[PDB]
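Chains as they are written, first to last, in the working numbering: chain A, 1 to 95; chain B, 96 to 369; chain C, 370 to 561.
For every residue, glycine included, the Cβ atom is placed at its ideal position computed from N, Cα and C.
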Amino acid sequence: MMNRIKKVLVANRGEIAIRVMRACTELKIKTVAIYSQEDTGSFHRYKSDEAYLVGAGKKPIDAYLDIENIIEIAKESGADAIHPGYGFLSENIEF
Amino acid sequence: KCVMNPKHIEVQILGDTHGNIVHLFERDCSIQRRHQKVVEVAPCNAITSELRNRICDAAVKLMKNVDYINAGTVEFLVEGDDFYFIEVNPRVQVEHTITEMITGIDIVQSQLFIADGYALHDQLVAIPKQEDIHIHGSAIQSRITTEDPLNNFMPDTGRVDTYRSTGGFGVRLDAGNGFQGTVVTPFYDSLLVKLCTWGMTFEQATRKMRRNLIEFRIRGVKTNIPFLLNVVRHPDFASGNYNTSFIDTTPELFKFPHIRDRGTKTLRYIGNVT
Amino acid sequence: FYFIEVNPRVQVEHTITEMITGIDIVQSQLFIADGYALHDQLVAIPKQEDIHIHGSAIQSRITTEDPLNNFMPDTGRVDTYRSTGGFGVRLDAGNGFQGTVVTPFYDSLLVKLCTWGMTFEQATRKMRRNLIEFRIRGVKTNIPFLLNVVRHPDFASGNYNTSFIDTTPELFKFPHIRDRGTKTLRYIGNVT
Numbered sequence: 001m002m003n004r005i006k007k008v009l010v011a012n013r014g015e016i017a018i019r020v021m022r023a024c025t026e027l028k029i030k031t032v033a034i035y036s037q038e039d040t041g042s043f044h045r046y047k048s049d050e051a052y053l054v055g056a057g058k059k060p061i062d063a064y065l066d067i068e069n070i071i072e073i074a075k076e077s078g079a080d081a082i083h084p085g086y087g088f089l090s091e092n093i094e095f
Numbered sequence: 096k097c098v099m100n101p102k103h104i105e106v107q108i109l110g111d112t113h114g115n116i117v118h119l120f121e122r123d124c125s126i127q128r129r130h131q132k133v134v135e136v137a138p139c140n141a142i143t144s145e146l147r148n149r150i151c152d153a154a155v156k157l158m159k160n161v162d163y164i165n166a167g168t169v170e171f172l173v174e175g176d177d178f179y180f181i182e183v184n185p186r187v188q189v190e191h192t193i194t195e196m197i198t199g200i201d202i203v204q205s206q207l208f209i210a211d212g213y214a215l216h217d218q219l220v221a222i223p224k225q226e227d228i229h230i231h232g233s234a235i236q237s238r239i240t241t242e243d244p245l246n247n248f249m250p251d252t253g254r255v256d257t258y259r260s261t262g263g264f265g266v267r268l269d270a271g272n273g274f275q276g277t278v279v280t281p282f283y284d285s286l287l288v289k290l291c292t293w294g295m296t297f298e299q300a301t302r303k304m305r306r307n308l309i310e311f312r313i314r315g316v317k318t319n320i321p322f323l324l325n326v327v328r329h330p331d332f333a334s335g336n337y338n339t340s341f342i343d344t345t346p347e348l349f350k351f352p353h354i355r356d357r358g359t360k361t362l363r364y365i366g367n368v369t
Numbered sequence: 370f371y372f373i374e375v376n377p378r379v380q381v382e383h384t385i386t387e388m389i390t391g392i393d394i395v396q397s398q399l400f401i402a403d404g405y406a407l408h409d410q411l412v413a414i415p416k417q418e419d420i421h422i423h424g425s426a427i428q429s430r431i432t433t434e435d436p437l438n439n440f441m442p443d444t445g446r447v448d449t450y451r452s453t454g455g456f457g458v459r460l461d462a463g464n465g466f467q468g469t470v471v472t473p474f475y476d477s478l479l480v481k482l483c484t485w486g487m488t489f490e491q492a493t494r495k496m497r498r499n500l501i502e503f504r505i506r507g508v509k510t511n512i513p514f515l516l517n518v519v520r521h522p523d524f525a526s527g528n529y530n531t532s533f534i535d536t537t538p539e540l541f542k543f544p545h546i547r548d549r550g551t552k553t554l555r556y557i558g559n560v561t
C-alpha cells in the first residue's frame, strides 16, 4: 500500500504520538515509539509495535530533543521515516 | 498595532510533492486563557462565506507561493471584515481533529501518504479537488487536563485511580496520558484526553460537549472540566460571538460549584469504623 | 426487491445511519414523541432532498461469544477493558467497563464499535486497527472472528450476501495465541 515507508518512528509522546501510531497501523506501517525514563509508564509506549528508551541521562524535556539518540534508534530499528508530531523537534531545522 | 477584539482564525493546508495545494477550511481558536487555547471550534460560525473564502484563498496563495509540502496551518486575526496574517505552523496541530470531523479527511494519514511521495488526489489518498471539499456540520474540541482551576491552573499529579470516558454519536476521543492506572508526572503537558463533539449544527455539537464533559469520571487527580463546562455553558459561547478577550474578561467563568463528594465522605466513615 | 419485515422501533445498528447522514436518531425519537415536527428548527432534520450520504460506516458488535467454543458467551469479571479512539471511531458501551461482571442472563454485548470513512475502504482500515487495538482480559470475545470477517477480501470487495459467512470456513480458523505475557506471569508467580 505504501511506496517506501514500511516503518515509522514517532518522535514524540502522549496524545499526538498515539494519533500518529494509529494512522500508521491503519496504513499497514510498523511503528516505533520512543519514551524518556520519566515516561517509562506512559501509555503511548504501549501503542507501538516497538519501543525504545530515549535520552538516558538527560533532563525530561531534553530527552525528546536528543537528535543523535533519536537518529540512532531510527537507524537501528530500520525506520524509513520519522513523524515529529508537534512541539519538541517538529519545527527543528537541524533535526 | 494591537488589534482590538479579534477573532483568532486558522486555515488548514495540505500540499503534495506534485504542486497540488488544498485548504480544509478554518478553525476558530478565539477562546483562550491568558493567550493559550482552551476550546477550539470549526468552522467559524460568526463569519460570512464570502470572508471565509477570502481567508482560505489567502492561505492557499501564501503556501502555493512557497511550494509548501505536507500539513501546515496559516494563522490570521480577523476584525470585522478585515483579516491579517500573523503566523505559519509548519506542522500538524493539536486541533487538527475538528477539521477532520467537518471535512472527512484524515490529516495524519494524509501526511504519511504525502511524505511517501503520493499526490493529494491519488485514488488511495482520496482527497478531493478544492471544489469538492465541503463543510459538514460543526465540531468542538476540549482538552481535558489535570490543571486545577481552584489552584491557579497548576497541573495536578498522581495516580488516576478512576478514569472513565464517554461515547456515543458525535463523540471523538484522542487519549494522551489518560488511562485508568496511569501516573501523571509534572514534567510534560497535563493532557489526559482530547474530547471532541460534532453535530450538524454548532448548537447540536454544543449539547454533546456539555453531556460528555459531565459524563466523564476521573478520580485521583483534579481536572479542568469544571472550567470547560463553565465555558461551554456560557451564553456568549452558545451564541458563537466571542473573541480573544472573552475568557479574560468574564469572571463568572472562574466561579465553581461546590463538589458533591457524598461518596467519598461515606467511604471515609465506612473506612474509619472498619 | 421484496419486503420481509418491519421493526417498529430503533435498532442496534441505527449507529451507522447516524454516521453517514448526520442525524441523531435517538434525539429525533425524543423530539417527535414530544410533539415536534421533523423539520422544526430545533429538530433540524432536513427535507428528504437535502438528506445525503456522507462516507461509509461499519459496525461490529463486540461480545463475549467465544468462537473456539461454539460462540457460547463467556462470563466473569472483565479484569482488563481498554478501548480505542481517534478519527472516525465511535463507541457505544454495553456492559463493557473495567471491573464489570458479565452474567449469563442477558446479551453478551460489551461494546459496539463503529468506524467511518469517506469510503468504505477507509472505514475498513479503521475497523481493522480498532479491533486489534482493543485489550479485553478476563473473558473471551468474538474479536478474532470479527477480524477474520473484516480482513477477508470478499468483505473488502463489498460483494457478499446472506450465505457468505456460512459458506466460508476460513473465517473459523483462528491464530493460536502467543500469550507470552500470561505465561511469563505464571513463571514469576510460581517462583515468587
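Around the beta carbon of A/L89, a 10 Å sphere encloses 16 or more other beta carbons of the protein chains shown; the residue is thus reported as buried. C/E434 is the residue among C/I512, C/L460, C/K495, C/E434 whose C-alpha sits nearest the C-alpha of C/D476. Between C/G507 and chain A, the shortest Cβ-Cβ separation is not below 8 angstroms. In terms of beta-carbon proximity, A/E38 stays away from the interface with chain C, with every pair separated by 8 angstroms or more. The beta carbon of A/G55 sits no closer than 8 angstroms to any beta carbon of chain B. Here C/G486 is near C/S425, since their CB atoms are less than 8 angstroms apart. Taking a cut-off of 8 angstroms for Cβ pairs, the stretch 493-511 of chain C and the stretch 416-431 of chain C touch, as three or more such pairs fall below it.
Between B/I209 and B/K159, the CB-CB gap reaches or exceeds 8 angstroms.
For C/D393, the chain B residues whose Cβ falls inside 8 angstroms of its Cβ are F264, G265, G294, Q299, in order along the chain.
Per DSSP, reduced to three states, the secondary structure at C/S429 is strand. The distance from the Cβ of B/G167 to that of B/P138 is about 18 angstroms, inconsistent with a contact at the 8 angstroms cut-off. Assigned with DSSP and collapsed to three states, C/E434 falls in strand. The alpha carbon of B/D256 has as its nearest neighbour, out of B/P244, B/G265, B/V279, the alpha carbon of B/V279. At a cut-off of 8 angstroms between C-beta atoms, A/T31 does not count as an interface residue with respect to chain C. For the stretch 157-224 of chain B, the continuous alpha helix (DSSP H) assignments of 4+ residues that do not extend past its boundaries occur at 191-198, 202-210, in sequence order.
In chain order, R186, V187 make up the part of chain B whose C-beta sits under 9 angstroms from the C-beta of A/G85. The residue among A/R13, A/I73, A/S48, A/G85 with its C-alpha nearest the C-alpha of A/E38 is A/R13. Here the alpha carbon of B/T296 sits roughly 24 angstroms from the alpha carbon of B/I222. The beta carbon of A/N12 sits no closer than 8 angstroms to any beta carbon of chain B.
Taking 9 angstroms as the upper bound on Cβ-Cβ separation, chain B lies near residues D80 of the stretch 68-80 of chain A. Along the stretch 468-516 of chain C, the alpha helix (DSSP H) occurs as fully enclosed runs of 4 or more residues at 489-502, listed in sequence order. Residue-level contact by beta carbon fails for B/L308 and chain C, as no gap is shorter than 8 angstroms. In the DSSP assignment, the residues bridged to B/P250 are B/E242. Judged by DSSP in its simplified three-state form, B/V326 adopts helix. Straight across, the Cα-Cα distance linking B/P244 with B/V203 is about 32 angstroms.
Residue contact with chain B for A/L27: present (Cβ-Cβ distance below 8 angstroms to some residue of chain B). A check of alpha carbon separations from B/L290 across B/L308, B/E298, B/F274, B/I197 identifies B/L308 as the nearest. Between the beta-carbon of A/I29 and that of A/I5 there is about 6 angstroms, and that keeps the pair under the 8 angstroms contact cut.
For the 8 angstroms CB-CB criterion, C/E382 and B/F264 do not form a contact. The alpha-carbon separation between B/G315 and B/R254 amounts to approximately 6 angstroms.
With the criterion set as a beta carbon lying under 7 angstroms from some beta carbon of chain B, the members of the stretch 401-425 of chain C are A413, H423, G424, in sequence order. Annotation for B/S340: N100 place their beta carbon closer than 8 angstroms to its own, counting only its chain and skipping 5 residues before and after.
Just so you know, the alpha carbons of A/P84 and A/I16 end up roughly 9 angstroms apart. Under the Cβ criterion (8 angstroms, minimum of three pairs), the stretch 492-499 of chain C counts as touching the stretch 513-522 of chain C. Against chain A, a Cβ distance below 8 angstroms from C/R494 picks out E26, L27.
Chain A places no beta carbon closer than 8 angstroms to that of B/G110, leaving this residue out of the contacts.
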